[PDB]
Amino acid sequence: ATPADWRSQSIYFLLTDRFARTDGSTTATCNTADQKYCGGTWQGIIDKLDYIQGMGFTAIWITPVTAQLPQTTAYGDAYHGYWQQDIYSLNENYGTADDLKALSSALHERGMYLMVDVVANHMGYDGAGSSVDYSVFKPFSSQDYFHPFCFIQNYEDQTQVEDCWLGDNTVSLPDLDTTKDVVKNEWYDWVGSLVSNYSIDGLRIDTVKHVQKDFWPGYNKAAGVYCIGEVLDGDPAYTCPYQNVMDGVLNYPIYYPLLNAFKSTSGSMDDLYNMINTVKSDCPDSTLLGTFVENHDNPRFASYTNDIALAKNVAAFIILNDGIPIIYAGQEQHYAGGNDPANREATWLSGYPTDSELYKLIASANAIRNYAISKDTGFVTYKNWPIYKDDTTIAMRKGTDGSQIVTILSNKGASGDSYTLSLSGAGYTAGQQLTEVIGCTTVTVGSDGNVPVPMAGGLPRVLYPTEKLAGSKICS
């Protein structure tokens, strides 16, 4: 599927090892500190697609599918998929080639997309760099395919970042020489044939900044589908230029201020408001970035605060921001694990309740986005407009004039006081009825064109014209 096809999608990101077992158990042990395979599979995902689709997601992002190092290392198993050795075999822990094809077709039968995580930068090996037997890597079965052994020490030296190895003396990540034509041609043939064999709709590419830029346009072209890169830098001047070589990047620039804004009642709405406007003007296309606050590489949002109103607000933001919403399996059940491995909790241990507070919030937010998009082909290309901020508030507008979603978010938290925020700049006309589609209340635009927004319980407010909700299942 093209970058234009992907603009309207909403992604549920999951760890294949941690989301669903074939036996559908909600009680099988998964102690994250063990760092071992807990038994999740492609078949388990198929069996829980109703759970995912019930929150209004249109797509899933699964962890890499290639065969891994076999060892249980001092850091555990390759349960995460980022330690590949044989790219022409699948990780049999998750199932067979027929199971991955059955997952692609099950998503396609529901009108959903499959996005698959891939690594081009490195292989994985149990042991120090000097111990590596290059013959285990398929097809890169020789030292000749790899950069000379060194670790990245100076992350300010882009040459060392690209040419030296990640990992450490316990688990080595042998760094492919991605400047060699033979490595380019191998990766390019592989990625086109992966997408083609499994009917994959898009790729998330791990570890983009560690591969030199001239590798990426050939890779994105070979895949023949939307590619969203992991470029791990909060500076849009470093990260946004990668959109010149790849369709999308994960919105790490928005991540840091978005987390800060909602993780405490002290959070800076200024830093978030300012970064939205920097990304909107200085990134090649803000509408092809991936918005998130939670993944398997950072502490979960609930690890910073268990305030459910703050979690509702940050989820509403992720879904209503420019670009593609990405929610990480467990976020919807308020999971609170810290850094790796604590943030790889098994989704099944929740029991997959469809009545949890954040399952319901995400369902409501995805419902108005999915609905608004079905009635407004301009929603996804209208750049999100922050129209208001104060110490505890940010409001933003997105969508074609007369159909705009107007979102008011708060970091007051669940103890927040009850008041009326007189909001200017929403662009609706006096007497217009709006539905607040999270709480299903109506608000009427005033004589002066200001919206009297009811604030209470630190709750997020999402406004849309009541007349435009004709015939939708929202707030029935």
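So that the term is clear: the rigid core is the largest set of C-alpha atoms that superpose within 1.5 Å between two forms. Residue numbers run from 1 along the displayed sequence.
Displacement analysis by core superposition in 5 other deposited structures of this protein ranks 126-134 above the other of 321-329 and 126-134 in root-mean-square C-alpha distance from the shown form. Stretches 296-304 and 186-194 differ in mean CA B factor, with 186-194 having the higher one. In this entry, 152-160 shows the higher mean Cα temperature factor of the pair 263-271 and 152-160.
Of the candidates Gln43, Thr63, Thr407, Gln68, the deposited coordinates give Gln43 the top C-alpha B factor.
Residue-level inspection of the entry shows that, of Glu345, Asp340, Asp390, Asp175, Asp390 has the top Cα B-factor. Per-chain ranking of the deposited C-alpha B factor places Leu14 in the lowest third. Per the deposited record, the Cα B-factor of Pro236 falls in the middle third when ranked against the other modelled residues of its chain. Per-chain ranking of the deposited C-alpha B factor places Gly425 in the highest third.
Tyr134: CA B factor lies in the highest third for its chain, per the PDB record.
Remark: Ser104 belongs to the highest third of its chain, ranked by C-alpha B-factor as recorded.
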